[PDB]
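A.B. asks: Structure provided below as structure tokens; questions to follow.
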């Protein structure tokens, strides 16, 4: 099958690491960071890696029952059935993949009356009570029956300023009980001139001076597209050109490594300047020795 | 181009009328209802109708500034730029398309300190202050600077029991100022044996005895797929067969009208029983006189 990327504009896409839309394109120096994101990890061939699942709305949500202590939720699977700690994944597909406090809201229904309730609730993925893999997560909930399906819908990050969140620091899915399992390989631009092309959004902040940025390596729909299509990597890198349908002109080119990350020939930071109508286009499969035309 | 539907299982898909995953397949009697949903309306040929946009995470969100009175938000566009009441759409793409109270949370950042805040907030789309089209929406917010980007993230519906929400009753996007503009055509099964095949989810409830169901005519990804693909309607109806990859057997067939709705040959209600691994498959283009093999 022939390879393609979706004709979606950045603003028409969604961040694969938090349920919010993409806002911009950005690139900066990697060196000092880790870049082990587990969400938004997909082989361009179609292979989902890490904790990556297809739904953009289920990223960072948690379902299950809860028991009052601030509150512990014995996790269930997205579809509300039993959690299987057996699978060979880092944690439930869609689990958060950075260390931080995520404010949201807990909601439950009592199968009995049609009765319902809702309360604010936060979750620190740094806390040693953040054990998704093992099957339980603790909410520092800022009246909650047991044996009743509870759901957590994420909203933003409530986080000395800018310190949290720690976007490139992976939480411990098994917490204290053990190291992380079956992680997606870490990313780093290898070629000389090149740097990494991120896909940034701004997680809403919910109280405090949090570092609201959030970069992802692949848009949620690229993940959804490689999954459907499953186009053979007729090469180890795919040359992408970011076109503009208004002027009909190419702005910059970039590298889509079949592994699942994007690199752009640039040194130093830069909030990528682009036309709201521009989108990426698959031109050709190239060797990893292909030097890219510099970026703006 | 040849027509297709995505190989996604119901649970792998998302509801196109609220940012939550699909849960089940359902069918019941239409007659007494309207069925004028504006979200999840797409021509199978690729034409988005009503207030339908591509992002499943931006359904029911509102951005803009707010001014304390409980609170009014002068709407902005998804990308945070000016709202254009000029476009020939019923309202901002993604606006809610049923009458009800939607609880969620308002969050804002103050460009100045990195300062942030968050408070619960509800919105009644029945209220005469619900004027999306005109550019303003009022929150009955259950400390909010002005001239500061505020966002509303929806969570569930806080709604004598079961009365609200009114899933098939369209809100007035211009409120009192005028009737609704450029609506997606209403739906109804025309053929004799047939009924309408919905795609149901359960909006979380956030306080009260709300009618948490929510049916949509097309999964958000079918909408995203017809948009990419844009496969010519070589006919006015497309025969779909819901297969099971485990047993390799067809369960039931259904009608995908190029208009953008699904009909199944059945009379009376029924929570469709299906294997978690089953998915739909495009078999052939047929005439509207094709009688369907009854459904379970």
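Protein chains in written order, with the numbering used here: chain A, 440 to 735; chain B, 440 to 735.
Don't be surprised by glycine CBs; every beta carbon is placed ideally from N, CA and C.
Quick check for students: name the residue ranges of the beta strand (DSSP E) that lie wholly in the stretch 617–650 of chain A, counting only runs of 3 or more.
C.D. replies: If we require 3 residues or more, the beta strand (DSSP E) runs fully inside the stretch 617–650 of chain A come out as 634–641.
A.B. asks: Compute the Euclidean distance between the alpha carbons of residue 492 of chain B and residue 662 of chain B, then round it to the nearest angstrom.
C.D. replies: Here the question's residue 492 of chain B lines up with position 53 in the second chain. Here the question's residue 662 of chain B lines up with position 223 in the second chain. Roughly 9 angstroms separates the two Cα atoms.
A.B. asks: Which two residues bound the contiguous alpha helix (DSSP H) that contains residue 661 of chain B?
C.D. replies: Numbered from its first residue, the second chain carries residue 661 of chain B at position 222. That run of the alpha helix (DSSP H) goes 659–668.
A.B. asks: Does DSSP put residue 615 of chain B in a helix, a strand or coil?
C.D. replies: Counting from one through the second chain, the residue named residue 615 of chain B turns up at place 176. Three-state result, residue 615 of chain B: helix.
A.B. asks: For residue 694 of chain B, count the other beta carbons within 10 Å of its own beta carbon; 16 or more makes it buried, fewer makes it exposed. Which is it?
C.D. replies: For the purposes of this step, residue 694 of chain B is identified with residue 255 of the second chain, where counting begins at 1. By the 10 Å Cβ count, residue 694 of chain B comes out buried.
A.B. asks: Tell me which residues of the stretch 548–563 of chain A have at least one Cβ-Cβ distance to chain B shorter than 8 angstroms, keeping chain order.
C.D. replies: Residues 548, 552, 553, 554, 555, 556, 557, 559.
A.B. asks: To which residues of the same chain is residue 714 of chain B closer than 7 angstroms at the C-beta, ignoring the five residues directly before and after it?
C.D. replies: Mapped onto the second chain, residue 714 of chain B falls at position 275. Here the set comprises 683, 685.
A.B. asks: Measuring CB atoms only, is the stretch 554–566 of chain B touching the stretch 626–641 of chain B, in the sense that at least three cross pairs come out at less than 8 angstroms?
C.D. replies: With a cut-off of 8 angstroms, the stretch 626–641 of chain B and the stretch 554–566 of chain B do not count as touching, because too few Cβ pairs lie within range.
A.B. asks: Taking Cβ positions only, does residue 544 of chain A come closer than 7 angstroms to chain B?
C.D. replies: Indexing the first chain from 1 puts residue 544 of chain A at position 105. Chain B contact via Cβ: present.
A.B. asks: I need the DSSP call for residue 526 of chain B, collapsed to helix, strand or coil.
C.D. replies: Translated into positions along the second chain, residue 526 of chain B becomes position 87. Three-state result, residue 526 of chain B: coil.
A.B. asks: Who are the neighbours of residue 445 of chain B on chain A, taking C-beta pairs under 8 angstroms?
C.D. replies: In the second chain, counting from the first residue as 1, residue 445 of chain B sits at position 6. The contacting residues are 667.
A.B. asks: For residue 576 of chain A, does the three-state DSSP call read helix, strand or coil?
C.D. replies: Stepping through the first chain from its first residue, residue 576 of chain A is reached at position 137. In this structure, residue 576 of chain A counts as strand in the three-state DSSP scheme.
A.B. asks: Taking buried to mean at least 16 other C-beta atoms within 10 Å of its own C-beta, is residue 620 of chain B buried or exposed?
C.D. replies: Counting from 1 along the second chain, the entry for residue 620 of chain B is found at position 181. By the neighbour-count rule (16 or more Cβ atoms within 10 Å), residue 620 of chain B is not buried but exposed.
A.B. asks: Under the rule that 16 or more other beta-carbon atoms within 10 Å means buried, what is residue 723 of chain B, buried or exposed?
C.D. replies: Counted from its first residue, the second chain places residue 723 of chain B at position 284. Result: exposed.
A.B. asks: Taking residue 642 of chain A as the reference, give the member of A/576, A/459, A/474, A/443 with the closest Cα.
C.D. replies: Within the first chain, residue 642 of chain A is the residue found at index 203, counting from 1. Checked all of A/576, A/459, A/474, A/443; the closest Cα to residue 642 of chain A is A/459.
A.B. asks: Residue 551 of chain B: buried (16+ other C-beta within 10 angstroms of its C-beta) or exposed?
C.D. replies: For this step, residue 551 of chain B is matched to residue 112 along the second chain. Exposed.
A.B. asks: Interface residues of chain A around residue 495 of chain B at Cβ under 7 angstroms?
C.D. replies: Taking the first residue of the second chain as position 1, residue 495 of chain B is located at position 56. Going along chain A in sequence order, the residues near residue 495 of chain B (Cβ under 7 angstroms) are 495, 496.
A.B. asks: What three-state label does DSSP hand residue 692 of chain A in the structure shown?
C.D. replies: Looking up residue 692 of chain A in the first chain gives position 253. Looking at residue 692 of chain A - three-state DSSP - the assignment turns out to be strand.
A.B. asks: Is the distance from the Cβ of residue 505 of chain A to the Cβ of residue 589 of chain A below 7 angstroms?
C.D. replies: On the first chain, position 66 is the one that residue 505 of chain A refers to. On the first chain, position 150 is the one that residue 589 of chain A refers to. For residue 505 of chain A and residue 589 of chain A, yes; Cβs fall inside 7 angstroms.
A.B. asks: Assign residue 682 of chain B to one of three DSSP states: helix, strand, or coil.
C.D. replies: The residue you call residue 682 of chain B lines up with position 243 of the second chain. Three-state DSSP puts residue 682 of chain B in a strand.
A.B. asks: Check the Cβ of residue 450 of chain A against every Cβ in chain B and list those closer than 8 angstroms, keeping chain order.
C.D. replies: Translated into the one-based positions of the first chain, residue 450 of chain A becomes position 11. Near residue 450 of chain A (Cβ distances below 8 angstroms), the residues of chain B are 517, 518.
A.B. asks: Beta-carbon of residue 645 of chain B versus every beta-carbon of chain A: anything under 7 angstroms?
C.D. replies: Here residue 645 of chain B refers to the residue found at position 206 when the second chain is read from its first residue. Judged by the 7 angstroms Cβ criterion, residue 645 of chain B is in contact with chain A.
A.B. asks: Going by the beta-carbon positions, is the gap between residue 700 of chain A and residue 608 of chain A smaller than 7 angstroms?
C.D. replies: Within the first chain, the letter at position 261 stands for residue 700 of chain A. Within the first chain, the letter at position 169 stands for residue 608 of chain A. Contact flag unset, no.
A.B. asks: Are residue 548 of chain B and residue 485 of chain A closer than 7 angstroms when you measure CB to CB?
C.D. replies: Residue numbering aside, residue 548 of chain B sits at position 109 when the second chain is read from its first letter. Residue numbering aside, residue 485 of chain A sits at position 46 when the first chain is read from its first letter. No. Outside cutoff.
A.B. asks: For the stretch 692–715 of chain A, which residues have a CB atom closer than 8 angstroms to at least one CB atom of chain B, in sequence order?
C.D. replies: From the stretch 692–715 of chain A, only 715 have a Cβ closer than 8 angstroms to chain B.
A.B. asks: From residue 711 of chain A to residue 467 of chain A, what distance separates their C-alpha atoms?
C.D. replies: Start at 1 with the first residue of the first chain, and residue 711 of chain A comes out as number 272. Start at 1 with the first residue of the first chain, and residue 467 of chain A comes out as number 28. Rounded to whole angstroms, residue 711 of chain A to residue 467 of chain A spans 10 angstroms at the Cα level.
A.B. asks: Identify which residue in A/592, A/446, A/646 has its Cα closest to the Cα of residue 669 of chain B.
C.D. replies: Here residue 669 of chain B refers to the residue found at position 230 of the second chain. When each option's Cα is compared against that of residue 669 of chain B, the closest is A/446.
A.B. asks: Report the residues of the stretch 451–469 of chain A with a CB closer than 8 angstroms to any CB of chain B, ordered along the chain.
C.D. replies: Those would be 451, 452, 453, 458, 459, 460, 462, in chain order.
A.B. asks: Between which two residues does the beta strand (DSSP E) harbouring residue 471 of chain B extend?
C.D. replies: In the second chain, the residue the question calls residue 471 of chain B occupies position 32. First-last for residue 471 of chain B: undefined, no H or E at that position.
A.B. asks: Just the C-alpha distance for residue 457 of chain B and residue 673 of chain B, rounded to the nearest angstrom, thanks.
C.D. replies: As a working mapping, residue 457 of chain B is identified with position 18 in the second chain. As a working mapping, residue 673 of chain B is identified with position 234 in the second chain. Spanning the two alpha carbons is a distance of roughly 31 angstroms.
A.B. asks: Since residue 495 of chain B and residue 496 of chain A are thought to touch, with beta carbons under 8 angstroms apart, how far apart are those beta carbons, to the nearest angstrom?
C.D. replies: What you label residue 495 of chain B is simply residue 56 of the second chain in a count that begins at 1. What you label residue 496 of chain A is simply residue 57 of the first chain in a count that begins at 1. Contact flag correct, Cβ pair sits at about 5 angstroms.
A.B. asks: Taking the runs of the beta strand (DSSP E) that are 3 residues or longer, which of them lie wholly in the stretch 536–602 of chain B?
C.D. replies: You should have 540–549, 554–563, 575–578, 589–595.
A.B. asks: Output yes if chain D places a C-beta closer than 7 angstroms to the C-beta of residue 590 of chain A; else output no.
C.D. replies: The structure shown contains no chain D; its protein chains are A and B.
A.B. asks: Anything in chain A within Cβ reach of residue 663 of chain B, meaning under 8 angstroms, just list it in chain order.
C.D. replies: As a first step, residue 663 of chain B must be located in the second chain, where it is residue number 224. Simply 660, 663.
A.B. asks: With 7 angstroms as the threshold, decide whether the Cβ of residue 595 of chain B is near any Cβ in chain A.
C.D. replies: As a first step, residue 595 of chain B is located in the second chain; it is residue number 156 there, counting from the start. So yes, residue 595 of chain B belongs to the interface.
A.B. asks: Have a look at residue 706 of chain A and residue 474 of chain A and give me their C-alpha separation to the nearest angstrom.
C.D. replies: Residue numbering aside, residue 706 of chain A sits at position 267 when the first chain is read from its first letter. Residue numbering aside, residue 474 of chain A sits at position 35 when the first chain is read from its first letter. Looking at the two C-alpha atoms, the distance is approximately 18 angstroms.
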